[PDB]
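To start, the structure itself, in structure tokens.
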Amino acid sequence: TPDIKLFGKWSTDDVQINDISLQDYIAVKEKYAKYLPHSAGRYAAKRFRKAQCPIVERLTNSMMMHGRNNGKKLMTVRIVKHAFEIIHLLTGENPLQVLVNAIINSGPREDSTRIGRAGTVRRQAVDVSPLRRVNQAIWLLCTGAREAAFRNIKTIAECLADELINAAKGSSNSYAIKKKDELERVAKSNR
Amino acid sequence: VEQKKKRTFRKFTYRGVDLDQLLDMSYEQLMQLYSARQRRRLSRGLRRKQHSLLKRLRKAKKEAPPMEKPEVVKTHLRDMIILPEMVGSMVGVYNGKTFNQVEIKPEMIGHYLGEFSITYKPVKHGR
Amino acid sequence: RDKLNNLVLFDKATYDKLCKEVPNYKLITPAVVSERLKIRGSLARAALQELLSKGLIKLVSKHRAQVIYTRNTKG
Amino acid sequence: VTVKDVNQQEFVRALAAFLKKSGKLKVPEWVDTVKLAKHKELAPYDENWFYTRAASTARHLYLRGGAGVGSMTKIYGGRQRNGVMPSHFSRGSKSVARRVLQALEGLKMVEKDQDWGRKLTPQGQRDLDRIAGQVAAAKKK
Amino acid sequence: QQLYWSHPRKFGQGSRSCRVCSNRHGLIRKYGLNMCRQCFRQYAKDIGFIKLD
Amino acid sequence: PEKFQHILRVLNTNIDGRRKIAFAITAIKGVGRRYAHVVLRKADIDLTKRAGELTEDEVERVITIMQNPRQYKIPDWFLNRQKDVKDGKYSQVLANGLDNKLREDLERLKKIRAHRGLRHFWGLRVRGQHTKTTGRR
RNA sequence: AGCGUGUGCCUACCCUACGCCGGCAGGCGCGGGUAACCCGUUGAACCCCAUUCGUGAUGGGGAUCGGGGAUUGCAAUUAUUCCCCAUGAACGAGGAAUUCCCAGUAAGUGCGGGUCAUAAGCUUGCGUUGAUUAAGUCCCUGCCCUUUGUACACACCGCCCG
């Protein structure tokens with residue numbers, strides 16, 4: 001704790017958002033290292049503020065989904081802490097770096113909007129903001145991990161690690177990666 | 001109902017206890033055994049009060065010929081508990097508009113009069 | 001689908017499979033043992049605690065809910 | 001260690017075992033049959049559990065001025081699944097806790113306290129503190 | 001004299017009313033006021049129940 | 001470790017062996033979970049296992065306890081048939097025998113022509129429930 | 001942990017800690033309290049956790065029914081209710097549709113008050129755990145804003161032809 005403010009026990013320093021633009025709604029800690037993926041957190045009042053929120057916590061929040069799981073942050077924090085450990089065993093590294101990478105890789109660059117189009121409503125290829133890219137990615141990965149975990153013996157921490165790792169280097173094994181490519185493919189036509 | 005076989009031959013023991021034995025105690029010693037809901041009702045009923053009814057039962061038990069059934073005894077006391085003192089009698093059991101007539105077999109024991117006079121009518125969907 | 005039926009008692013040969021395989025895997029939890037063999041899940045468990053013997057496998061967290069084991073301690 | 005020094009799970013775990021070795025506690029012949037709470041789904045997997053509760057209670061009393069069975073029933077009492085209805089508290093048995101309280105007395109761990117409620121005795125206070133130390137001593141880890 | 005004429009009135013809806021209006025329905029029994037809600041609405045100012053929030 | 005059985009029979013029901021004993025037993029009519037759990041505890045078994053495992057010995061031992069529960073520190077309140085009536089029993093009916101007694105009881109109050117009996121006979125309801133909107137299909 | 005609650009009452013009656021018996025449900029003996037004093041440092045519940053289970057409508061689910069224990073009441077049968085066992089359903093994610101919602105907010109989660117003799121799946125608050133997500137706009141919907149048209153004015157749910 002006093003030397004450097006590590007994560008559960010992981011270093012914030014030396015993790016670099018390998019992707020210009022995204023830089024910065026992915027919030028590691030260009031100084032902000034903490035200890036735990038839990039905070040009082042008031043993000044809601046402002047439109048932007050959410051970006052400030054540590055990406056780790058942001059990921060943890062998205063974890064607690066589905067009516068029953070709402071509000072179970074302690075459970076998510078527990079899952080997140082485990083996932084980072086599994087990821088680390090799987091590739092060394094900073095699992096936090098692994099997390100960041102998956103996020104960078106998953107945000108749909110291009111997308112589609114349902115432009116009115118007269119009749120046979122066609123869809124217009126539009127580029128996607130970086131806030132959306134981050135927001136969307138974290139969903140994709142969480143929905144990916146949650147969906148996989150449900151009928152299988154494997155635990156969310158594990159499924160999360162699997163989704164995160166495959167995405168970190170976009171294996172396309174991942175549900176999320178396949179989804180992102182699908183959303184983008186759609187963006188390109190339409191145009 | 002007195003002698004070798006004659007009439008007798010329907011048996012029935014209540015709670016390990018035999019109807020020979022049943023018919024001979026006190027309602028006291030019967031409710032003592034097992035029934036629990038009926039027993040509490042009679043205790044709390046108590047003071048007790050279907051007094052006249054019970055005398056109306058024995059009365060018509062007497063005046064009945066010597067072979068069979070006889071005339072019956074009416075009542076509105078649906079909440080009454082059947083006890084061995086009653087068995088063999090005939091009870092007009094009101095349901096709201098009708099008095100259904102029912103002989104009380106020894107099996108009924110511990111049951112409530114109301115369970116043998118249906119109020120409602122089955123019903124109907126098609127017809 | 002996914003119908004899973006599990007061998008719920010030791011079969012010798014399946015005892016051999018266990019110690020001669022599991023050193024193969026980097027990740028082993030209940031599920032792994034279950035899928036890669038056809039172990040009960042109940043008899044997965046007992047195999048985990050046993051394996052941690054003096055280990056084939058090594059603990060990194062056995063959160064109440066989850067064991068998470070690594071490969072044995074090789075080169 | 002004060003008992004307060006040792007973590008609750010290890011403390012209870014160690015003491016409960018110590019009681020088991022001592023061999024003299026005493027035990028409503030039942031304990032095989034009993035659930036421990038109407039709320040309860042199944043009885044206790046560790047049929048051996050009578051000891052664990054005793055330890056738990058002894059520790060529970062030592063902490064506080066005086067406690068009685070009703071409190072314990074509730075403490076043990078979990079949520080009961082109404083089924084159709086929403087779940088609600090249901091303070092857990094009173095025979096087990098009582099017997100636990102009576103039995104503990106036999107050892108003198110606890111004694112009737114003034115103004116109702118059982119309190120720890122100095123004999124018990126001494127006994128718990130002693131095991132507490134043993135647990136602290138075992139190891140780091 | 002007419003032993004005839006009553007059955008228990010001790011408890012239930014039938015054992016109470018409105019000190020104001022007889023009504024055995026929607027009765028405020030809290031704090032011993034024992035007013036039916038419709039009446040209590042009309043008398044809450046004179047009783048000392050005032051609107052604040 | 002070891003093996004054997006899959007598929008064992010106790011008193012007239014087929015009991016999957018793969019399954020855990022407590023749960024495995026609960027196929028038998030009249031053995032619910034609270035039952036079978038307490039029976040086994042009485043019957044001395046390593047709780048930790050699969051019905052398919054265990055011995056012919058232990059099995060008779062389960063059955064013997066199962067049909068004389070009272071005689072083994074199982075309280076009567078734990079029991080399906082207290083207070084018989086016809087014999088003033090206590091009892092815990094088991095196996096094929098539960099279907100049997102169910103039939104009896106229904107017959108009893110159908111003979112007597114009690115409204116419940118009648119309800120069972122038409123195939124309606126006997127506890128006080130409204131019959132206007134539900135149990136329609 | 002928190003909002004709240006109580007007897008000594010417009011006419012019959014309170015909240016209840018603590019000892020004992022009972023597996024439970026509950027039974028029984030006490031003793032305080034017009035209460036910031038006592039019940040109640042409301043030692044709640046989610047939750048957290050060391051185990052078991054292992055992805056089987058299974059241990060998910062708790063329907064229906066049978067027997068039985070007890071509580072309220074003079075009276076519960078047409079279950080007031082509660083428990084104990086047993087019987088152990090559909091349901092393995094919901095079409096057309098559609099409600100509501102921006103921060104302690106949605107959602108999980110227990111508690112207390114009203115009803116009340118007894119009886120909560122209700123309503124009505126309260127704390128606890130606590131996100132995702134717009135941060136805007138008038139598209140649909142709804143209502144008021146101009147301008148405009150109107151054979152309408154019981155006002156479009158209006159006034160029409162053979």
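By order of appearance in the structure tokens: chains A, B, ..., then residues from 1 within every chain, and ligands from 1 in the order shown.
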
Using 7 Å as the limit and counting only C-alpha atoms (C1' of nucleotides), can you tabulate each residue of chain A that touches chain G, with its shortest atom-to-atom distance in Å and the two atoms involved, as CSV?
```
residue,atom,partner,partner_atom,distance
A:44,CA,G:103,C1',6.6
A:47,CA,G:135,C1',5.6
A:61,CA,G:131,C1',6.2
A:62,CA,G:132,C1',6.4
A:67,CA,G:107,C1',6.1
A:68,CA,G:108,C1',6.1
A:70,CA,G:107,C1',5.5
A:71,CA,G:130,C1',4.2
A:151,CA,G:55,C1',6.5
A:152,CA,G:55,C1',6.4
A:153,CA,G:55,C1',5.9
```

So that I can see what lies close to residue 83 (chain B), please list as a PDB file with C-alpha atoms, in the first residue's frame the residues with an atom at most 8 Å from it, counting only C-alpha atoms (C1' of nucleotides) and leaving out residues fewer than 3 positions away in the same chain.
```pdb
ATOM      1  CA  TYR B  27     -67.631 -38.898  26.179  1.00  0.00           C
ATOM      2  CA  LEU B  30     -63.413 -40.769  24.190  1.00  0.00           C
ATOM      3  CA  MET B  31     -62.368 -37.230  23.274  1.00  0.00           C
ATOM      4  CA  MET B  86     -74.453 -40.664  18.969  1.00  0.00           C
ATOM      5  CA  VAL B  87     -73.708 -43.607  16.671  1.00  0.00           C
ATOM      6  CA  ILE B 109     -66.247 -40.541  14.611  1.00  0.00           C
ATOM      7  CA  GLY B 110     -64.408 -37.319  15.364  1.00  0.00           C
TER       8      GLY B 110
END
```

Please identify all residues of chain G having at least one atom at most 9 Å from any atom of chain F, considering only C-alpha atoms (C1' of nucleotides), and return them as a PDB file with N, CA and C atoms (P, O5', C5', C4', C3', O3' and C1' of nucleotides), in the first residue's frame.
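out-v7.pdb, freshly written:
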```
ATOM      1  P     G G  23     -39.398 -33.565  22.208  1.00  0.00           P
ATOM      2  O5'   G G  23     -39.191 -32.427  21.184  1.00  0.00           O
ATOM      3  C5'   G G  23     -37.885 -32.160  20.762  1.00  0.00           C
ATOM      4  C4'   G G  23     -37.777 -31.824  19.284  1.00  0.00           C
ATOM      5  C3'   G G  23     -38.443 -30.509  18.838  1.00  0.00           C
ATOM      6  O3'   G G  23     -37.747 -29.361  19.260  1.00  0.00           O
ATOM      7  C1'   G G  23     -39.087 -32.066  17.427  1.00  0.00           C
ATOM      8  P     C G  24     -38.738 -28.185  19.725  1.00  0.00           P
ATOM      9  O5'   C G  24     -39.626 -27.731  18.523  1.00  0.00           O
ATOM     10  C5'   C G  24     -39.156 -27.261  17.249  1.00  0.00           C
ATOM     11  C4'   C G  24     -40.170 -27.371  16.052  1.00  0.00           C
ATOM     12  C3'   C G  24     -41.418 -26.430  16.089  1.00  0.00           C
ATOM     13  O3'   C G  24     -41.120 -25.124  15.662  1.00  0.00           O
ATOM     14  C1'   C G  24     -42.358 -28.335  15.848  1.00  0.00           C
ATOM     15  P     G G  59     -35.923 -33.372  -6.404  1.00  0.00           P
ATOM     16  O5'   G G  59     -35.173 -32.065  -5.908  1.00  0.00           O
ATOM     17  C5'   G G  59     -33.994 -32.202  -5.121  1.00  0.00           C
ATOM     18  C4'   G G  59     -33.734 -30.939  -4.361  1.00  0.00           C
ATOM     19  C3'   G G  59     -33.393 -29.747  -5.228  1.00  0.00           C
ATOM     20  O3'   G G  59     -33.796 -28.661  -4.420  1.00  0.00           O
ATOM     21  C1'   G G  59     -31.502 -30.320  -4.001  1.00  0.00           C
ATOM     22  P     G G  66     -57.931 -33.712   0.937  1.00  0.00           P
ATOM     23  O5'   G G  66     -57.400 -34.994   1.639  1.00  0.00           O
ATOM     24  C5'   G G  66     -57.333 -36.310   1.037  1.00  0.00           C
ATOM     25  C4'   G G  66     -56.291 -37.215   1.761  1.00  0.00           C
ATOM     26  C3'   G G  66     -56.159 -36.985   3.258  1.00  0.00           C
ATOM     27  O3'   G G  66     -57.296 -37.585   3.906  1.00  0.00           O
ATOM     28  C1'   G G  66     -54.058 -37.200   2.360  1.00  0.00           C
ATOM     29  P     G G  67     -57.810 -36.868   5.240  1.00  0.00           P
ATOM     30  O5'   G G  67     -56.665 -37.207   6.273  1.00  0.00           O
ATOM     31  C5'   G G  67     -56.656 -38.560   6.789  1.00  0.00           C
ATOM     32  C4'   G G  67     -55.383 -38.732   7.576  1.00  0.00           C
ATOM     33  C3'   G G  67     -55.311 -37.831   8.773  1.00  0.00           C
ATOM     34  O3'   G G  67     -56.156 -38.285   9.827  1.00  0.00           O
ATOM     35  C1'   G G  67     -53.253 -37.850   7.677  1.00  0.00           C
ATOM     36  P     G G  68     -56.877 -37.144  10.676  1.00  0.00           P
ATOM     37  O5'   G G  68     -55.589 -36.650  11.429  1.00  0.00           O
ATOM     38  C5'   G G  68     -55.120 -37.403  12.607  1.00  0.00           C
ATOM     39  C4'   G G  68     -53.726 -36.946  13.001  1.00  0.00           C
ATOM     40  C3'   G G  68     -53.647 -35.554  13.553  1.00  0.00           C
ATOM     41  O3'   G G  68     -54.207 -35.516  14.800  1.00  0.00           O
ATOM     42  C1'   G G  68     -51.933 -35.783  11.961  1.00  0.00           C
ATOM     43  P     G G  69     -54.852 -34.199  15.393  1.00  0.00           P
ATOM     44  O5'   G G  69     -53.603 -33.473  16.054  1.00  0.00           O
ATOM     45  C5'   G G  69     -52.703 -34.186  16.887  1.00  0.00           C
ATOM     46  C4'   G G  69     -51.341 -33.501  17.107  1.00  0.00           C
ATOM     47  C3'   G G  69     -51.546 -32.179  17.845  1.00  0.00           C
ATOM     48  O3'   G G  69     -51.579 -32.383  19.255  1.00  0.00           O
ATOM     49  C1'   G G  69     -50.411 -31.843  15.911  1.00  0.00           C
ATOM     50  P     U G  78     -66.163 -28.641   4.760  1.00  0.00           P
ATOM     51  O5'   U G  78     -65.801 -27.094   4.622  1.00  0.00           O
ATOM     52  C5'   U G  78     -64.487 -26.607   4.366  1.00  0.00           C
ATOM     53  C4'   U G  78     -64.526 -25.134   3.841  1.00  0.00           C
ATOM     54  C3'   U G  78     -64.982 -24.051   4.827  1.00  0.00           C
ATOM     55  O3'   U G  78     -64.209 -22.883   4.607  1.00  0.00           O
ATOM     56  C1'   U G  78     -66.558 -23.956   3.127  1.00  0.00           C
ATOM     57  P     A G  79     -63.934 -21.803   5.707  1.00  0.00           P
ATOM     58  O5'   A G  79     -62.379 -21.530   5.612  1.00  0.00           O
ATOM     59  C5'   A G  79     -61.489 -22.298   4.775  1.00  0.00           C
ATOM     60  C4'   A G  79     -61.229 -23.744   5.268  1.00  0.00           C
ATOM     61  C3'   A G  79     -60.411 -23.811   6.487  1.00  0.00           C
ATOM     62  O3'   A G  79     -61.213 -23.542   7.628  1.00  0.00           O
ATOM     63  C1'   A G  79     -59.494 -25.247   4.926  1.00  0.00           C
ATOM     64  P     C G  84     -42.534 -27.341  10.125  1.00  0.00           P
ATOM     65  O5'   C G  84     -43.192 -28.628  10.709  1.00  0.00           O
ATOM     66  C5'   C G  84     -42.609 -29.442  11.757  1.00  0.00           C
ATOM     67  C4'   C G  84     -43.205 -30.867  11.644  1.00  0.00           C
ATOM     68  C3'   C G  84     -43.143 -31.397  10.213  1.00  0.00           C
ATOM     69  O3'   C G  84     -41.802 -31.794   9.968  1.00  0.00           O
ATOM     70  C1'   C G  84     -45.234 -31.924  10.956  1.00  0.00           C
ATOM     71  P     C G  85     -41.254 -31.699   8.464  1.00  0.00           P
ATOM     72  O5'   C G  85     -41.874 -33.026   7.832  1.00  0.00           O
ATOM     73  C5'   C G  85     -41.572 -34.325   8.398  1.00  0.00           C
ATOM     74  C4'   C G  85     -42.644 -35.351   7.998  1.00  0.00           C
ATOM     75  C3'   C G  85     -43.009 -35.573   6.531  1.00  0.00           C
ATOM     76  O3'   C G  85     -42.022 -36.413   5.956  1.00  0.00           O
ATOM     77  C1'   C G  85     -45.077 -35.573   7.589  1.00  0.00           C
ATOM     78  P     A G  86     -41.489 -36.178   4.468  1.00  0.00           P
ATOM     79  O5'   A G  86     -42.698 -36.751   3.637  1.00  0.00           O
ATOM     80  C5'   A G  86     -43.017 -38.148   3.694  1.00  0.00           C
ATOM     81  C4'   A G  86     -44.411 -38.407   3.192  1.00  0.00           C
ATOM     82  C3'   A G  86     -44.692 -38.000   1.775  1.00  0.00           C
ATOM     83  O3'   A G  86     -44.071 -38.872   0.859  1.00  0.00           O
ATOM     84  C1'   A G  86     -46.518 -37.321   3.169  1.00  0.00           C
ATOM     85  P     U G  87     -43.535 -38.402  -0.559  1.00  0.00           P
ATOM     86  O5'   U G  87     -44.800 -38.358  -1.459  1.00  0.00           O
ATOM     87  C5'   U G  87     -45.836 -39.348  -1.447  1.00  0.00           C
ATOM     88  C4'   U G  87     -47.083 -38.818  -2.139  1.00  0.00           C
ATOM     89  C3'   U G  87     -46.809 -37.929  -3.368  1.00  0.00           C
ATOM     90  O3'   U G  87     -46.549 -38.749  -4.527  1.00  0.00           O
ATOM     91  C1'   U G  87     -48.202 -36.688  -2.059  1.00  0.00           C
ATOM     92  P     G G  88     -45.123 -38.766  -5.218  1.00  0.00           P
ATOM     93  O5'   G G  88     -44.664 -37.224  -5.291  1.00  0.00           O
ATOM     94  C5'   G G  88     -45.578 -36.261  -5.819  1.00  0.00           C
ATOM     95  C4'   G G  88     -44.952 -34.948  -6.175  1.00  0.00           C
ATOM     96  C3'   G G  88     -43.642 -34.828  -6.976  1.00  0.00           C
ATOM     97  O3'   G G  88     -44.040 -34.223  -8.177  1.00  0.00           O
ATOM     98  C1'   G G  88     -43.669 -33.445  -5.049  1.00  0.00           C
TER      99        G G  88
END
```

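Pairwise distance (CA of residue 32 (chain A), CA of residue 54 (chain A)) equals 7.8 Å.
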
Residue list for chain E near chain G as a ChimeraX atom specification, 10 Å, only C-alpha atoms (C1' of nucleotides) | /E:7-8,10-13,16,19,26-32,34

Kindly export the residues of the current selection with N, CA and C atoms, as a compact mmCIF listing (two decimals), in the first residue's frame.
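Result file again_13.txt:
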```txt
# COMPACT_ATOMS: atom_id res chain seq x y z
N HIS E 7 -76.47 -11.91 20.41
CA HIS E 7 -75.36 -12.80 20.15
C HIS E 7 -74.11 -11.93 20.23
N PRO E 8 -73.01 -12.56 20.62
CA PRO E 8 -71.74 -11.88 20.95
C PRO E 8 -71.47 -10.63 20.14
N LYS E 10 -68.46 -8.76 21.19
CA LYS E 10 -67.20 -8.44 21.84
C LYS E 10 -66.16 -7.93 20.87
N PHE E 11 -66.11 -8.52 19.68
CA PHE E 11 -64.96 -8.29 18.80
C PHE E 11 -65.32 -8.38 17.30
N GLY E 12 -64.42 -7.94 16.44
CA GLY E 12 -64.74 -7.86 15.03
C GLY E 12 -65.31 -6.52 14.57
N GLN E 13 -65.72 -6.44 13.31
CA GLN E 13 -66.23 -5.19 12.77
C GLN E 13 -67.48 -4.80 13.55
N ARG E 16 -67.93 -2.49 17.06
CA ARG E 16 -67.49 -1.08 17.05
C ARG E 16 -68.06 -0.26 15.88
N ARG E 19 -67.79 6.99 16.51
CA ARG E 19 -68.40 7.74 17.60
C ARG E 19 -69.19 8.88 17.00
N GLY E 26 -64.52 1.14 7.28
CA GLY E 26 -63.39 2.04 7.14
C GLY E 26 -63.12 2.83 8.39
N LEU E 27 -62.91 2.13 9.50
CA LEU E 27 -62.81 2.79 10.79
C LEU E 27 -61.38 2.99 11.26
N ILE E 28 -61.06 4.25 11.54
CA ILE E 28 -59.79 4.65 12.15
C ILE E 28 -59.76 4.27 13.66
N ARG E 29 -58.99 3.23 13.99
CA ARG E 29 -58.89 2.74 15.37
C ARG E 29 -57.57 3.09 16.07
N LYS E 30 -56.67 3.73 15.33
CA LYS E 30 -55.37 4.16 15.84
C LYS E 30 -55.50 5.29 16.86
N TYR E 31 -54.56 5.36 17.79
CA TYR E 31 -54.64 6.37 18.87
C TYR E 31 -55.98 6.47 19.61
N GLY E 32 -56.80 5.42 19.55
CA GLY E 32 -58.09 5.43 20.21
C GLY E 32 -59.12 6.45 19.69
N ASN E 34 -61.16 6.28 16.85
CA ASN E 34 -62.39 5.58 16.58
C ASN E 34 -63.40 6.42 15.80
```

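Neighbouring residues of residue 61 (chain G) at 12 Å or closer, counting only C-alpha atoms (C1' of nucleotides) and skipping chain neighbours under 6 positions away, are residues 81, 83 and 84 of chain D; 88, 89, 90, 91 and 92 of chain G.
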
Check which residues of chain C sit at most 7 Å from chain F using only C-alpha atoms, and return one row each with the closest pair of atoms and their distance in Å to one decimal, ordered by chain and rising number, as a tab-separated table.
```
residue	atom	partner	partner_atom	distance
C:8	CA	F:18	CA	6.7
C:9	CA	F:1	CA	5.5
C:10	CA	F:1	CA	4.0
C:11	CA	F:2	CA	6.2
```

Would you save the residues of that selection, restricted to N, CA and C atoms, as a compact mmCIF listing (two decimals), in the first residue's frame?
```txt
# COMPACT_ATOMS: atom_id res chain seq x y z
N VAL C 8 -20.02 -41.70 -11.68
CA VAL C 8 -20.01 -41.29 -10.27
C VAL C 8 -19.27 -42.22 -9.31
N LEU C 9 -18.49 -43.17 -9.82
CA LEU C 9 -17.61 -43.93 -8.93
C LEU C 9 -16.33 -44.26 -9.66
N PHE C 10 -15.21 -44.29 -8.97
CA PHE C 10 -13.88 -44.66 -9.49
C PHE C 10 -13.74 -46.04 -10.20
N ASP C 11 -13.06 -46.05 -11.29
CA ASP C 11 -13.00 -47.24 -12.14
C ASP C 11 -11.55 -47.64 -12.33
```

Skip residue 22 (chain G) itself and residues of its chain fewer than 6 positions away, then list as a PDB file with N, CA, C and O atoms (P, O5', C5', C4', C3', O3' and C1' of nucleotides), in the first residue's frame all residues within 12 Å of it, counting only C-alpha atoms (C1' of nucleotides).
```pdb
ATOM      1  N   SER D  93     -35.245 -23.122  16.813  1.00  0.00           N
ATOM      2  CA  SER D  93     -35.759 -23.954  17.916  1.00  0.00           C
ATOM      3  C   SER D  93     -35.449 -23.346  19.247  1.00  0.00           C
ATOM      4  O   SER D  93     -34.630 -22.449  19.373  1.00  0.00           O
ATOM      5  N   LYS D  94     -36.172 -23.831  20.255  1.00  0.00           N
ATOM      6  CA  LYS D  94     -35.951 -23.451  21.649  1.00  0.00           C
ATOM      7  C   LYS D  94     -35.482 -24.612  22.549  1.00  0.00           C
ATOM      8  O   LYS D  94     -34.938 -24.372  23.625  1.00  0.00           O
ATOM      9  N   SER D  95     -35.695 -25.851  22.113  1.00  0.00           N
ATOM     10  CA  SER D  95     -35.259 -26.985  22.883  1.00  0.00           C
ATOM     11  C   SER D  95     -33.772 -27.119  22.784  1.00  0.00           C
ATOM     12  O   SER D  95     -33.094 -27.311  23.793  1.00  0.00           O
ATOM     13  N   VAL D  96     -33.220 -27.014  21.564  1.00  0.00           N
ATOM     14  CA  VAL D  96     -31.807 -27.191  21.398  1.00  0.00           C
ATOM     15  C   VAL D  96     -31.053 -26.146  22.161  1.00  0.00           C
ATOM     16  O   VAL D  96     -30.153 -26.465  22.939  1.00  0.00           O
ATOM     17  N   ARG D  98     -32.016 -24.291  24.614  1.00  0.00           N
ATOM     18  CA  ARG D  98     -32.209 -24.405  26.036  1.00  0.00           C
ATOM     19  C   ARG D  98     -31.308 -25.468  26.572  1.00  0.00           C
ATOM     20  O   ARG D  98     -30.565 -25.244  27.528  1.00  0.00           O
TER      21      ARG D  98
ATOM     22  N   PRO F  75     -39.114 -39.481  16.281  1.00  0.00           N
ATOM     23  CA  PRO F  75     -40.352 -39.037  16.952  1.00  0.00           C
ATOM     24  C   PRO F  75     -41.607 -39.264  16.136  1.00  0.00           C
ATOM     25  O   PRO F  75     -41.552 -39.329  14.919  1.00  0.00           O
ATOM     26  N   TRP F  77     -43.908 -37.032  15.690  1.00  0.00           N
ATOM     27  CA  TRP F  77     -44.310 -35.975  14.868  1.00  0.00           C
ATOM     28  C   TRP F  77     -43.792 -35.891  13.503  1.00  0.00           C
ATOM     29  O   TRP F  77     -44.612 -35.538  12.686  1.00  0.00           O
TER      30      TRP F  77
ATOM     31  P     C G  28     -51.099 -22.362  28.411  1.00  0.00           P
ATOM     32  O5'   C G  28     -49.982 -22.651  29.491  1.00  0.00           O
ATOM     33  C5'   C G  28     -50.087 -23.751  30.411  1.00  0.00           C
ATOM     34  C4'   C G  28     -48.862 -23.697  31.369  1.00  0.00           C
ATOM     35  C3'   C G  28     -48.574 -22.356  32.068  1.00  0.00           C
ATOM     36  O3'   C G  28     -49.418 -22.241  33.208  1.00  0.00           O
ATOM     37  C1'   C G  28     -46.576 -23.061  31.145  1.00  0.00           C
ATOM     38  P     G G  69     -54.852 -34.199  15.393  1.00  0.00           P
ATOM     39  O5'   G G  69     -53.603 -33.473  16.054  1.00  0.00           O
ATOM     40  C5'   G G  69     -52.703 -34.186  16.887  1.00  0.00           C
ATOM     41  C4'   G G  69     -51.341 -33.501  17.107  1.00  0.00           C
ATOM     42  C3'   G G  69     -51.546 -32.179  17.845  1.00  0.00           C
ATOM     43  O3'   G G  69     -51.579 -32.383  19.255  1.00  0.00           O
ATOM     44  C1'   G G  69     -50.411 -31.843  15.911  1.00  0.00           C
ATOM     45  P     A G  70     -52.473 -31.512  20.219  1.00  0.00           P
ATOM     46  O5'   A G  70     -51.737 -30.159  20.222  1.00  0.00           O
ATOM     47  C5'   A G  70     -52.438 -29.045  20.729  1.00  0.00           C
ATOM     48  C4'   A G  70     -51.886 -27.781  20.089  1.00  0.00           C
ATOM     49  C3'   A G  70     -52.707 -26.551  20.145  1.00  0.00           C
ATOM     50  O3'   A G  70     -52.571 -25.967  21.479  1.00  0.00           O
ATOM     51  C1'   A G  70     -51.838 -26.782  17.965  1.00  0.00           C
TER      52        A G  70
END
```

Please report, as a ChimeraX atom specification, each residue of chain D to which DSSP assigns alpha helix (DSSP H) when run on this structure's backbone.
-> /D:8-22,50-63,69-76,95-107,122-138

When you get a sec, could you note down which chain D residues fall within 10 Å of chain F, using only C-alpha atoms, as a ChimeraX atom specification?
-> /D:29-35,41-43,45-47

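Atom pair CA of residue 33 (chain A) / CA of residue 58 (chain C) has a distance of 29.6 Å (rounded to one decimal).
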
Would you kindly return, as a count of residues only, each protein, DNA or RNA residue with an atom no farther than 12 Å from any atom of residue 68 (chain B), considering only C-alpha atoms (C1' of nucleotides) and excluding same-chain residues fewer than 5 positions away?
-> 9

Could you state the separation of CA of residue 126 (chain D) and CA of residue 140 (chain D) in Å, given to one decimal place?
-> 23.5 Å

Within 10 Å of chain G: residues of chain B, using only C-alpha atoms (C1' of nucleotides), as a count of residues only | 24
